[PDB]
file query.cif (mmCIF, C-alpha atoms)
data_start
#
loop_
_atom_site.label_atom_id
_atom_site.label_comp_id
_atom_site.auth_asym_id
_atom_site.auth_seq_id
_atom_site.Cartn_x
_atom_site.Cartn_y
_atom_site.Cartn_z
CA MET Y 1 78.03 55.92 -69.89
CA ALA Y 2 77.95 53.65 -66.83
CA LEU Y 3 74.88 53.15 -64.64
CA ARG Y 4 74.77 55.13 -61.37
CA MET Y 5 73.81 52.88 -58.47
CA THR Y 6 71.90 54.77 -55.76
CA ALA Y 7 71.09 52.89 -52.54
CA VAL Y 8 73.87 50.76 -51.05
CA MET Y 9 73.53 47.00 -50.62
CA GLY K 1 73.01 43.44 -86.68
CA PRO K 2 72.33 43.64 -82.94
CA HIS K 3 74.33 45.80 -80.54
CA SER K 4 75.18 45.91 -76.84
CA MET K 5 76.70 48.01 -74.08
CA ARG K 6 77.97 46.60 -70.78
CA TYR K 7 80.00 47.82 -67.86
CA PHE K 8 81.72 45.11 -65.83
CA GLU K 9 82.61 46.45 -62.38
CA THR K 10 84.75 44.88 -59.66
CA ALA K 11 85.39 45.87 -56.05
CA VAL K 12 88.06 43.76 -54.35
CA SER K 13 89.10 43.59 -50.70
CA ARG K 14 92.17 41.65 -49.54
CA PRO K 15 93.47 41.34 -45.97
CA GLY K 16 96.39 43.74 -46.44
CA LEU K 17 94.78 46.54 -48.46
CA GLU K 18 93.57 49.75 -46.83
CA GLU K 19 90.30 50.02 -48.79
CA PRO K 20 89.03 48.07 -51.80
CA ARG K 21 90.19 48.40 -55.36
CA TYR K 22 87.46 49.49 -57.79
CA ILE K 23 87.68 48.74 -61.52
CA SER K 24 85.06 49.59 -64.13
CA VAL K 25 85.32 48.32 -67.71
CA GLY K 26 82.85 49.38 -70.37
CA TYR K 27 82.12 47.36 -73.51
CA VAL K 28 80.40 48.22 -76.79
CA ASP K 29 79.54 45.14 -78.89
CA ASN K 30 81.77 43.10 -76.54
CA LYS K 31 84.85 45.26 -77.15
CA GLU K 32 86.35 47.28 -74.30
CA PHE K 33 86.18 51.03 -74.89
CA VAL K 34 86.68 52.75 -71.48
CA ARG K 35 88.25 51.73 -68.16
CA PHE K 36 88.45 53.20 -64.65
CA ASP K 37 90.92 51.74 -62.12
CA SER K 38 91.24 53.15 -58.60
CA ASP K 39 94.82 51.80 -58.48
CA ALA K 40 96.05 54.25 -61.14
CA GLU K 41 98.15 57.23 -60.10
CA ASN K 42 95.34 59.61 -61.12
CA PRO K 43 92.16 57.50 -61.25
CA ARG K 44 89.91 58.42 -64.15
CA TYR K 45 87.88 56.85 -66.90
CA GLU K 46 90.13 56.52 -69.92
CA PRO K 47 89.49 55.74 -73.61
CA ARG K 48 90.41 52.23 -74.66
CA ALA K 49 89.57 52.45 -78.39
CA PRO K 50 90.80 55.35 -80.55
CA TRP K 51 87.27 56.35 -81.60
CA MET K 52 86.47 57.29 -77.98
CA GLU K 53 89.00 60.11 -77.86
CA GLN K 54 86.32 62.11 -79.70
CA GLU K 55 84.82 62.74 -76.27
CA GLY K 56 85.87 66.08 -74.80
CA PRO K 57 87.29 66.80 -71.37
CA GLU K 58 84.01 67.30 -69.54
CA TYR K 59 82.78 63.82 -70.54
CA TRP K 60 85.81 62.29 -68.82
CA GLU K 61 85.64 64.57 -65.79
CA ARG K 62 81.94 63.84 -65.29
CA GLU K 63 82.28 60.09 -65.73
CA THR K 64 85.36 60.05 -63.49
CA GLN K 65 83.51 61.80 -60.68
CA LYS K 66 80.65 59.29 -61.01
CA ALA K 67 83.16 56.43 -60.69
CA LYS K 68 84.56 57.90 -57.50
CA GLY K 69 80.97 57.82 -56.27
CA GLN K 70 80.53 54.17 -57.28
CA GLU K 71 83.83 53.36 -55.57
CA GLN K 72 82.35 54.59 -52.27
CA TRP K 73 79.11 52.73 -53.06
CA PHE K 74 81.12 49.50 -53.41
CA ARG K 75 83.12 50.22 -50.24
CA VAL K 76 79.97 50.54 -48.10
CA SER K 77 78.35 47.60 -49.86
CA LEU K 78 81.36 45.35 -49.18
CA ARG K 79 81.30 46.36 -45.53
CA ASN K 80 77.58 45.61 -45.32
CA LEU K 81 77.90 42.17 -46.96
CA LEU K 82 80.66 41.18 -44.53
CA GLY K 83 78.06 41.51 -41.79
CA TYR K 84 75.24 39.91 -43.76
CA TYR K 85 77.25 36.68 -44.08
CA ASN K 86 78.81 36.88 -40.61
CA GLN K 87 82.26 36.88 -42.17
CA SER K 88 84.93 38.01 -39.81
CA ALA K 89 87.94 40.18 -40.54
CA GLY K 90 90.93 38.79 -42.40
CA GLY K 91 89.64 37.41 -45.72
CA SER K 92 89.49 38.33 -49.40
CA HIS K 93 86.13 39.46 -50.73
CA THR K 94 84.75 40.33 -54.17
CA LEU K 95 81.77 42.28 -55.45
CA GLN K 96 81.14 42.17 -59.18
CA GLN K 97 78.51 43.90 -61.28
CA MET K 98 77.40 43.71 -64.91
CA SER K 99 74.89 46.18 -66.32
CA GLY K 100 73.89 47.42 -69.74
CA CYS K 101 71.51 47.05 -72.66
CA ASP K 102 71.09 44.83 -75.73
CA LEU K 103 69.80 46.43 -78.93
CA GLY K 104 68.03 44.75 -81.81
CA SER K 105 69.30 45.14 -85.33
CA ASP K 106 66.70 47.93 -85.54
CA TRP K 107 68.69 49.67 -82.74
CA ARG K 108 65.72 49.39 -80.35
CA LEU K 109 66.09 48.06 -76.79
CA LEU K 110 65.80 44.28 -76.49
CA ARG K 111 66.75 43.82 -72.84
CA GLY K 112 68.36 45.64 -69.93
CA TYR K 113 70.70 44.01 -67.41
CA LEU K 114 71.79 44.67 -63.85
CA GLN K 115 73.30 41.71 -61.99
CA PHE K 116 75.61 41.37 -58.98
CA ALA K 117 77.82 38.61 -57.60
CA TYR K 118 79.46 38.31 -54.21
CA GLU K 119 82.46 35.97 -53.91
CA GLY K 120 81.80 35.06 -57.54
CA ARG K 121 78.28 33.73 -56.89
CA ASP K 122 74.96 35.31 -57.89
CA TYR K 123 73.88 37.77 -55.24
CA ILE K 124 71.03 39.88 -56.66
CA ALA K 125 69.80 40.77 -60.16
CA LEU K 126 67.15 43.00 -61.66
CA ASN K 127 64.54 40.89 -63.43
CA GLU K 128 63.84 41.37 -67.13
CA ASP K 129 60.73 43.39 -66.19
CA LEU K 130 63.10 46.05 -64.76
CA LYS K 131 60.74 46.33 -61.78
CA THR K 132 61.46 43.35 -59.48
CA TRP K 133 64.57 41.72 -58.04
CA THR K 134 65.77 38.12 -57.70
CA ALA K 135 68.09 37.19 -54.82
CA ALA K 136 69.04 33.59 -53.94
CA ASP K 137 70.76 33.81 -50.54
CA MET K 138 69.02 34.56 -47.27
CA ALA K 139 71.66 37.26 -46.81
CA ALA K 140 70.70 38.92 -50.10
CA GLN K 141 67.04 39.35 -49.07
CA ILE K 142 68.22 42.23 -46.85
CA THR K 143 69.45 44.08 -49.93
CA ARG K 144 66.31 43.28 -51.94
CA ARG K 145 64.06 44.69 -49.21
CA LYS K 146 66.21 47.82 -48.90
CA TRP K 147 66.10 48.33 -52.66
CA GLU K 148 62.37 47.61 -52.87
CA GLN K 149 61.69 50.13 -50.10
CA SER K 150 63.68 52.93 -51.78
CA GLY K 151 62.25 52.25 -55.25
CA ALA K 152 65.79 51.92 -56.61
CA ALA K 153 64.71 49.77 -59.58
CA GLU K 154 62.86 52.81 -61.00
CA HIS K 155 66.09 54.78 -61.50
CA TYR K 156 67.69 51.68 -63.04
CA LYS K 157 64.75 51.09 -65.38
CA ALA K 158 65.04 54.72 -66.49
CA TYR K 159 68.76 54.29 -67.17
CA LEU K 160 68.42 50.97 -69.01
CA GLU K 161 65.59 52.21 -71.26
CA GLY K 162 66.88 55.77 -71.68
CA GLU K 163 70.50 56.82 -71.23
CA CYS K 164 71.82 53.31 -71.90
CA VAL K 165 70.17 53.22 -75.31
CA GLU K 166 70.83 56.88 -76.04
CA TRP K 167 74.55 56.78 -75.28
CA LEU K 168 74.98 53.42 -77.03
CA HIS K 169 73.55 55.05 -80.16
CA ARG K 170 76.06 57.88 -79.78
CA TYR K 171 78.89 55.37 -79.40
CA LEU K 172 77.75 53.23 -82.34
CA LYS K 173 77.90 56.29 -84.58
CA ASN K 174 81.28 57.50 -83.33
CA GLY K 175 82.86 54.08 -83.80
CA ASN K 176 81.17 53.21 -87.07
CA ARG K 177 83.64 43.99 -88.56
CA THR K 178 84.36 40.24 -88.62
CA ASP K 179 87.36 38.11 -89.57
CA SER K 180 86.68 34.66 -90.97
CA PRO K 181 88.79 31.79 -89.60
CA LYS K 182 91.56 30.28 -91.72
CA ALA K 183 91.57 26.52 -91.24
CA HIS K 184 94.11 23.78 -91.86
CA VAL K 185 94.71 20.20 -90.72
CA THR K 186 97.96 18.99 -89.17
CA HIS K 187 98.97 15.33 -89.02
CA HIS K 188 100.51 13.94 -85.84
CA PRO K 189 101.98 10.42 -86.07
CA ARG K 190 101.16 9.19 -82.60
CA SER K 191 101.32 5.40 -82.07
CA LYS K 192 101.51 2.23 -84.11
CA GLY K 193 97.72 2.06 -84.16
CA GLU K 194 96.57 5.44 -85.42
CA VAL K 195 97.21 9.19 -85.86
CA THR K 196 95.72 12.41 -84.56
CA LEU K 197 94.37 14.99 -86.98
CA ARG K 198 94.28 18.53 -85.57
CA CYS K 199 91.83 20.95 -87.18
CA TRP K 200 93.07 24.51 -86.59
CA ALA K 201 91.01 27.67 -86.99
CA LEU K 202 93.04 30.88 -86.84
CA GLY K 203 92.70 34.63 -87.20
CA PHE K 204 88.96 34.99 -86.57
CA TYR K 205 86.68 37.49 -84.85
CA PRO K 206 84.48 37.37 -82.80
CA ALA K 207 85.54 34.42 -80.67
CA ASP K 208 82.35 32.36 -81.06
CA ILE K 209 83.20 29.36 -83.24
CA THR K 210 82.56 25.63 -83.54
CA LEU K 211 84.78 22.82 -84.86
CA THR K 212 83.53 19.29 -85.60
CA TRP K 213 85.11 16.11 -86.96
CA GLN K 214 82.86 13.58 -88.67
CA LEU K 215 83.72 10.07 -89.82
CA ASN K 216 81.98 10.44 -93.20
CA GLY K 217 78.81 11.82 -91.62
CA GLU K 218 78.82 11.40 -87.83
CA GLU K 219 79.77 14.14 -85.36
CA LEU K 220 81.71 12.60 -82.51
CA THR K 221 82.45 13.44 -78.90
CA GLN K 222 84.18 10.03 -78.91
CA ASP K 223 87.26 11.57 -77.30
CA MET K 224 87.34 14.48 -79.67
CA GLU K 225 89.80 16.84 -78.03
CA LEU K 226 89.61 20.62 -78.16
CA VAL K 227 90.86 23.72 -76.40
CA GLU K 228 88.84 26.67 -75.24
CA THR K 229 88.89 29.43 -77.83
CA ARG K 230 91.85 31.64 -77.01
CA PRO K 231 93.04 35.15 -77.95
CA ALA K 232 95.96 35.42 -80.34
CA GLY K 233 96.66 38.84 -78.77
CA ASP K 234 96.19 40.88 -81.97
CA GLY K 235 92.40 41.15 -81.64
CA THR K 236 91.71 37.70 -83.17
CA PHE K 237 91.18 34.25 -81.68
CA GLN K 238 92.23 30.62 -82.15
CA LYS K 239 90.76 27.16 -81.67
CA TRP K 240 91.59 23.58 -82.60
CA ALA K 241 89.93 20.18 -82.31
CA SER K 242 91.63 16.80 -82.67
CA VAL K 243 90.71 13.14 -83.18
CA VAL K 244 92.50 9.79 -83.74
CA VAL K 245 91.66 7.71 -86.88
CA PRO K 246 93.46 4.59 -88.16
CA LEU K 247 96.31 5.10 -90.70
CA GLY K 248 95.42 5.10 -94.38
CA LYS K 249 91.89 6.13 -93.42
CA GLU K 250 92.74 9.83 -93.07
CA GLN K 251 90.56 11.34 -95.79
CA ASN K 252 87.63 9.40 -94.33
CA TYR K 253 87.73 11.98 -91.52
CA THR K 254 86.65 15.54 -92.29
CA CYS K 255 86.55 18.65 -90.09
CA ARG K 256 83.92 21.39 -90.19
CA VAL K 257 84.34 24.98 -89.01
CA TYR K 258 81.32 27.10 -88.03
CA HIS K 259 81.86 30.85 -87.66
CA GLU K 260 79.53 33.80 -88.24
CA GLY K 261 81.77 35.50 -90.81
CA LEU K 262 81.70 32.54 -93.14
CA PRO K 263 79.44 32.46 -96.21
CA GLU K 264 79.01 28.79 -95.31
CA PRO K 265 80.79 26.38 -92.96
CA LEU K 266 84.19 25.18 -94.13
CA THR K 267 84.67 21.46 -94.72
CA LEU K 268 88.31 20.42 -94.84
CA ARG K 269 90.46 17.29 -94.84
CA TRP K 270 94.14 16.58 -94.29
CA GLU K 271 96.41 17.70 -97.16
CA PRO K 272 99.99 16.54 -97.97
CA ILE Q 1 84.50 29.65 -53.32
CA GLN Q 2 87.97 29.48 -54.85
CA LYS Q 3 88.14 28.58 -58.56
CA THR Q 4 91.34 27.13 -59.88
CA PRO Q 5 92.92 28.78 -62.93
CA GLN Q 6 92.89 27.08 -66.32
CA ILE Q 7 95.99 27.76 -68.43
CA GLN Q 8 96.89 27.64 -72.12
CA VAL Q 9 100.35 28.35 -73.52
CA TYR Q 10 100.55 28.88 -77.28
CA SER Q 11 102.07 31.11 -79.93
CA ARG Q 12 100.36 33.98 -81.71
CA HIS Q 13 101.52 32.69 -85.11
CA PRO Q 14 102.32 29.19 -86.41
CA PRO Q 15 105.71 28.48 -84.85
CA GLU Q 16 108.75 28.27 -87.11
CA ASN Q 17 112.11 27.49 -85.54
CA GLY Q 18 114.35 30.55 -85.56
CA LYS Q 19 111.47 32.92 -86.51
CA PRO Q 20 110.40 35.61 -84.02
CA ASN Q 21 106.92 35.16 -82.64
CA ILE Q 22 104.71 35.96 -79.64
CA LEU Q 23 104.14 33.43 -76.83
CA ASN Q 24 100.83 33.69 -74.96
CA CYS Q 25 99.85 32.51 -71.48
CA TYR Q 26 96.06 32.66 -71.28
CA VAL Q 27 94.71 32.17 -67.74
CA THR Q 28 90.96 31.75 -67.17
CA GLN Q 29 88.24 30.64 -64.71
CA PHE Q 30 89.91 31.70 -61.48
CA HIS Q 31 88.52 33.45 -58.41
CA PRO Q 32 89.40 35.61 -56.52
CA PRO Q 33 91.13 37.82 -59.13
CA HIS Q 34 94.50 38.19 -57.39
CA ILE Q 35 96.99 36.01 -59.31
CA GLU Q 36 100.72 35.77 -60.03
CA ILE Q 37 101.88 34.73 -63.51
CA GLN Q 38 105.41 34.05 -64.73
CA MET Q 39 106.76 33.03 -68.13
CA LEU Q 40 109.93 30.97 -68.36
CA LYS Q 41 112.48 29.96 -71.00
CA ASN Q 42 114.44 26.86 -69.96
CA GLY Q 43 113.39 27.54 -66.39
CA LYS Q 44 114.60 31.17 -66.38
CA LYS Q 45 112.17 34.04 -65.80
CA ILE Q 46 111.55 35.82 -69.11
CA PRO Q 47 112.24 39.49 -68.31
CA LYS Q 48 109.79 41.50 -70.42
CA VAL Q 49 106.33 39.96 -69.99
CA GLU Q 50 103.27 42.01 -70.93
CA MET Q 51 100.16 41.53 -68.82
CA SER Q 52 96.60 42.34 -69.90
CA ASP Q 53 94.31 44.30 -67.53
CA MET Q 54 92.05 42.25 -65.31
CA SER Q 55 88.65 41.44 -66.84
CA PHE Q 56 85.90 38.94 -66.12
CA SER Q 57 83.37 37.07 -68.20
CA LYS Q 58 79.61 36.87 -67.86
CA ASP Q 59 79.94 33.76 -65.69
CA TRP Q 60 81.87 35.99 -63.17
CA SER Q 61 85.23 34.21 -63.72
CA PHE Q 62 88.35 36.28 -64.28
CA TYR Q 63 90.71 36.00 -67.24
CA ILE Q 64 94.08 37.49 -68.08
CA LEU Q 65 96.50 37.21 -71.03
CA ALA Q 66 100.26 37.26 -70.50
CA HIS Q 67 102.55 37.44 -73.52
CA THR Q 68 106.17 37.99 -74.50
CA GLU Q 69 108.36 37.96 -77.56
CA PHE Q 70 110.12 34.69 -78.25
CA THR Q 71 111.96 32.89 -81.01
CA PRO Q 72 111.21 29.14 -80.80
CA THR Q 73 113.95 26.58 -81.41
CA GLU Q 74 113.82 22.80 -81.53
CA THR Q 75 115.43 22.47 -78.09
CA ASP Q 76 114.20 25.37 -75.92
CA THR Q 77 111.42 24.76 -73.40
CA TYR Q 78 108.91 27.52 -72.66
CA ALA Q 79 106.58 27.56 -69.66
CA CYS Q 80 103.94 29.56 -67.82
CA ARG Q 81 103.84 29.25 -64.03
CA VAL Q 82 100.75 30.42 -62.14
CA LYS Q 83 100.34 30.91 -58.37
CA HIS Q 84 96.82 31.39 -57.04
CA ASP Q 85 95.10 30.91 -53.70
CA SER Q 86 92.99 28.00 -54.98
CA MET Q 87 96.16 25.91 -55.30
CA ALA Q 88 98.58 24.64 -52.69
CA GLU Q 89 101.32 24.53 -55.36
CA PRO Q 90 102.13 26.71 -58.36
CA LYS Q 91 100.87 25.16 -61.58
CA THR Q 92 103.13 25.09 -64.65
CA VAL Q 93 101.98 24.51 -68.22
CA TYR Q 94 104.65 23.82 -70.86
CA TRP Q 95 104.42 25.09 -74.42
CA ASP Q 96 103.77 22.43 -77.03
CA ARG Q 97 104.26 23.68 -80.59
CA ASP Q 98 101.59 21.22 -81.81
CA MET Q 99 98.85 22.62 -79.52
#
call {"tool": "encode", "arguments": {"input": "query.cif", "output": "structure tokens"}}
result
Amino acid sequence: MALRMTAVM
Amino acid sequence: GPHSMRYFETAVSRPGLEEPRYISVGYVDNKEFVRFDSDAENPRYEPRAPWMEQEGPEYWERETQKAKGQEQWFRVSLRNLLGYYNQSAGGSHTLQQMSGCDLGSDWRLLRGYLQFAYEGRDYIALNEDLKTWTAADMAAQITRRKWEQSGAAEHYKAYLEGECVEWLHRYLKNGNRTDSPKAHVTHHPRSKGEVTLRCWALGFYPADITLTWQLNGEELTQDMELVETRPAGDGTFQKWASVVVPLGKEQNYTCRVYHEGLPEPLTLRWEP
Amino acid sequence: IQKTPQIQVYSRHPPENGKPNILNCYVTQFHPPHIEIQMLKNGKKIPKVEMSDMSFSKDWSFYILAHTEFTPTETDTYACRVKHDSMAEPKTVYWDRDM
């Protein structure tokens, strides 16, 4: 299961 | 032994394309096991090793909908970086990400990872403490401060120490080897002066290997020639290393092969 | 920054003249990932060339494996030609049964 990034760059 | 999970993600913009292409490749113990590609006719995460088809439909639907979310995350991030570096329209741009966890041979977490590159150069990474960020460029400080302000590293720490380990354990069970290299020496009549001996290692896995020629006890970079380890295409890898040694003094040169599947390194000489 | 592809051309199995085999074109260390790869026999495009899916290594560089069926002979020349934005010209590597 891949990590879920939250805040954009 | 130890174990690992990684996802390698890429978002690519090119001057013609409408929006970026997003690709996500997951690895377990350095072998690809799932892949999402926005360029597919129906984009979805898909199994890439037979043991992953054990996962039912709602696994794939859930993970697919997450990937569509990450695709939009990459789209916005690429647009933002364009401005951070004062890059105008009309170029090709690349965001890359690696993330995952390493497990000890006791199956406990050794280290978590979350690193990014822009244009193929380090952009920002989560430090081993899973609490603070490193960013080289002046442009990347903007992202660090945004991520510090929102406490983003806390969600990532929770993933790397929790779900990353927990799902890697699930995968390790559902997909529950090494191949030793076979080595031989070839003789290549080259010039009047000398010959080249080529020490071949074939059919091995994983790809990490080391070949060395020694003139009766001395390793030599004295124009020892090698190739980068390369895939045979069947799951196994190949490498060779070569050296020149005066005629009639062939069996005074001896090659050694180091690979992790071997009971001990192989020592071998040329054989007619 | 553009990184120029490195290329190996080699057979899956020890080559034996007249014996069917698999010819690989392994392309590494390039950036950005867009790349065009062709495999040739005596200068003619080999029709059925399989192409691995794009992947990258922990140093961020991309790699791809092209391969095709072939039966080596003593006289036939096999080649891999790569076009990439880091290079003004296409780069060709020729198969050498000893390497």
call {"tool": "atom_distance", "arguments": {"input": "query.cif", "atom1": "CA of residue 59 in chain Q", "atom2": "CA of residue 24 in chain K"}}
result
16.7 Å
call {"tool": "closest_atom_pairs", "arguments": {"input": "query.cif", "of": "chain K", "to": "chain Q", "cutoff": "7 Å", "atoms": "all atoms listed in the file", "output": "JSON lines"}}
result
{"residue": "K:119", "atom": "CA", "partner": "Q:1", "partner_atom": "CA", "distance": 6.7}
{"residue": "K:120", "atom": "CA", "partner": "Q:60", "partner_atom": "CA", "distance": 5.7}
{"residue": "K:232", "atom": "CA", "partner": "Q:12", "partner_atom": "CA", "distance": 4.8}
{"residue": "K:233", "atom": "CA", "partner": "Q:12", "partner_atom": "CA", "distance": 6.8}
call {"tool": "closest_residue", "arguments": {"input": "query.cif", "among": "K:141, K:70, K:267, K:99", "to": "residue 6 in chain Y", "atoms": "only C-alpha atoms"}}
result
K:70
call {"tool": "residues_around", "arguments": {"input": "query.cif", "residues": "range 39-55 of chain K", "least_positions_apart": "4", "cutoff": "12 Å", "atoms": "only C-alpha atoms", "output": "PDB file with C-alpha atoms, in the coordinates of the input"}}
result
ATOM      1  CA  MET Y   1      78.030  55.920 -69.890  1.00  0.00           C
ATOM      2  CA  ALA Y   2      77.950  53.650 -66.830  1.00  0.00           C
TER       3      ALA Y   2
ATOM      4  CA  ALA K  11      85.390  45.870 -56.050  1.00  0.00           C
ATOM      5  CA  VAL K  12      88.060  43.760 -54.350  1.00  0.00           C
ATOM      6  CA  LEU K  17      94.780  46.540 -48.460  1.00  0.00           C
ATOM      7  CA  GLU K  18      93.570  49.750 -46.830  1.00  0.00           C
ATOM      8  CA  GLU K  19      90.300  50.020 -48.790  1.00  0.00           C
ATOM      9  CA  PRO K  20      89.030  48.070 -51.800  1.00  0.00           C
ATOM     10  CA  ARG K  21      90.190  48.400 -55.360  1.00  0.00           C
ATOM     11  CA  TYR K  22      87.460  49.490 -57.790  1.00  0.00           C
ATOM     12  CA  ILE K  23      87.680  48.740 -61.520  1.00  0.00           C
ATOM     13  CA  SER K  24      85.060  49.590 -64.130  1.00  0.00           C
ATOM     14  CA  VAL K  25      85.320  48.320 -67.710  1.00  0.00           C
ATOM     15  CA  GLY K  26      82.850  49.380 -70.370  1.00  0.00           C
ATOM     16  CA  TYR K  27      82.120  47.360 -73.510  1.00  0.00           C
ATOM     17  CA  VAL K  28      80.400  48.220 -76.790  1.00  0.00           C
ATOM     18  CA  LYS K  31      84.850  45.260 -77.150  1.00  0.00           C
ATOM     19  CA  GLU K  32      86.350  47.280 -74.300  1.00  0.00           C
ATOM     20  CA  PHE K  33      86.180  51.030 -74.890  1.00  0.00           C
ATOM     21  CA  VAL K  34      86.680  52.750 -71.480  1.00  0.00           C
ATOM     22  CA  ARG K  35      88.250  51.730 -68.160  1.00  0.00           C
ATOM     23  CA  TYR K  59      82.780  63.820 -70.540  1.00  0.00           C
ATOM     24  CA  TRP K  60      85.810  62.290 -68.820  1.00  0.00           C
ATOM     25  CA  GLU K  61      85.640  64.570 -65.790  1.00  0.00           C
ATOM     26  CA  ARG K  62      81.940  63.840 -65.290  1.00  0.00           C
ATOM     27  CA  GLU K  63      82.280  60.090 -65.730  1.00  0.00           C
ATOM     28  CA  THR K  64      85.360  60.050 -63.490  1.00  0.00           C
ATOM     29  CA  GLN K  65      83.510  61.800 -60.680  1.00  0.00           C
ATOM     30  CA  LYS K  66      80.650  59.290 -61.010  1.00  0.00           C
ATOM     31  CA  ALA K  67      83.160  56.430 -60.690  1.00  0.00           C
ATOM     32  CA  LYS K  68      84.560  57.900 -57.500  1.00  0.00           C
ATOM     33  CA  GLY K  69      80.970  57.820 -56.270  1.00  0.00           C
ATOM     34  CA  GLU K  71      83.830  53.360 -55.570  1.00  0.00           C
ATOM     35  CA  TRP K 167      74.550  56.780 -75.280  1.00  0.00           C
ATOM     36  CA  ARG K 170      76.060  57.880 -79.780  1.00  0.00           C
ATOM     37  CA  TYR K 171      78.890  55.370 -79.400  1.00  0.00           C
ATOM     38  CA  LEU K 172      77.750  53.230 -82.340  1.00  0.00           C
ATOM     39  CA  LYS K 173      77.900  56.290 -84.580  1.00  0.00           C
ATOM     40  CA  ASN K 174      81.280  57.500 -83.330  1.00  0.00           C
ATOM     41  CA  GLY K 175      82.860  54.080 -83.800  1.00  0.00           C
ATOM     42  CA  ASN K 176      81.170  53.210 -87.070  1.00  0.00           C
TER      43      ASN K 176
ATOM     44  CA  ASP Q  53      94.310  44.300 -67.530  1.00  0.00           C
TER      45      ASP Q  53
END
call {"tool": "axis_aligned_box", "arguments": {"input": "query.cif", "around": "chain Y", "padding_each_side": "3 Å", "output": "lines of an AutoDock Vina configuration file"}}
result
center_x = 74.6
center_y = 51.5
center_z = -60.3
size_x = 12.9
size_y = 14.9
size_z = 25.3
call {"tool": "resolve_selection", "arguments": {"input": "query.cif", "expression": "the PyMOL selection byres ((chain Y and resi 9) around 8)", "output": "ChimeraX atom specification"}}
result
/Y:7-8 /K:76-77,80-81,143,146-147
call {"tool": "closest_residue", "arguments": {"input": "query.cif", "among": "K:258, K:270, K:113, K:253", "to": "residue 209 in chain K", "atoms": "only C-alpha atoms"}}
result
K:258
call {"tool": "closest_residue", "arguments": {"input": "query.cif", "among": "K:157, K:247, K:148, K:205", "to": "residue 191 in chain K", "atoms": "all atoms listed in the file"}}
result
K:247
call {"tool": "atom_distance", "arguments": {"input": "query.cif", "atom1": "CA of residue 151 in chain K", "atom2": "CA of residue 139 in chain K"}}
result
19.6 Å
call {"tool": "atom_distance", "arguments": {"input": "query.cif", "atom1": "CA of residue 200 in chain K", "atom2": "CA of residue 39 in chain Q"}}
result
24.5 Å
call {"tool": "residues_around", "arguments": {"input": "query.cif", "residues": "residue 3 in chain Y", "least_positions_apart": "3", "cutoff": "8 Å", "atoms": "all atoms listed in the file", "output": "list in words"}}
result
residues 99, 100, 156, 159 and 164 of chain K
call {"tool": "resolve_selection", "arguments": {"input": "query.cif", "expression": "the PyMOL selection byres ((chain K and resi 256) around 7)", "output": "list in words"}}
result
residues 211, 212, 213, 254, 255, 257, 258, 265, 266, 267 and 268 of chain K
call {"tool": "write_last_selection", "arguments": {"input": "query.cif", "atoms": "C-alpha atoms", "output": "short mmCIF file (atom, residue, chain, number, x, y, z; two decimals), keeping the file's coordinate frame"}}
result
data_model
loop_
_atom_site.label_atom_id
_atom_site.label_comp_id
_atom_site.auth_asym_id
_atom_site.auth_seq_id
_atom_site.Cartn_x
_atom_site.Cartn_y
_atom_site.Cartn_z
CA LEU K 211 84.78 22.82 -84.86
CA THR K 212 83.53 19.29 -85.60
CA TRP K 213 85.11 16.11 -86.96
CA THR K 254 86.65 15.54 -92.29
CA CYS K 255 86.55 18.65 -90.09
CA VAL K 257 84.34 24.98 -89.01
CA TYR K 258 81.32 27.10 -88.03
CA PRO K 265 80.79 26.38 -92.96
CA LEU K 266 84.19 25.18 -94.13
CA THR K 267 84.67 21.46 -94.72
CA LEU K 268 88.31 20.42 -94.84
#
call {"tool": "residues_around", "arguments": {"input": "query.cif", "residues": "residue 16 in chain Q", "least_positions_apart": "4", "cutoff": "10 Å", "atoms": "only C-alpha atoms", "output": "PyMOL selection string"}}
result
chain Q and resi 20-21+71-74+97
call {"tool": "residues_around", "arguments": {"input": "query.cif", "residues": "residue 241 in chain K", "least_positions_apart": "6", "cutoff": "7 Å", "atoms": "only C-alpha atoms", "output": "number ranges by chain"}}
result
K: 198-200, 211, 224-227
call {"tool": "resolve_selection", "arguments": {"input": "query.cif", "expression": "the PyMOL selection byres ((chain Q and resi 76) around 12)", "output": "PyMOL selection string"}}
result
chain Q and resi 17-18+40-44+70-75+77-79+94-97
call {"tool": "residues_near_point", "arguments": {"input": "query.cif", "point": "(81.3, 31.9, -85.7)", "cutoff": "9 Å", "atoms": "only C-alpha atoms", "output": "PyMOL selection string"}}
result
chain K and resi 180-181+204-210+257-262
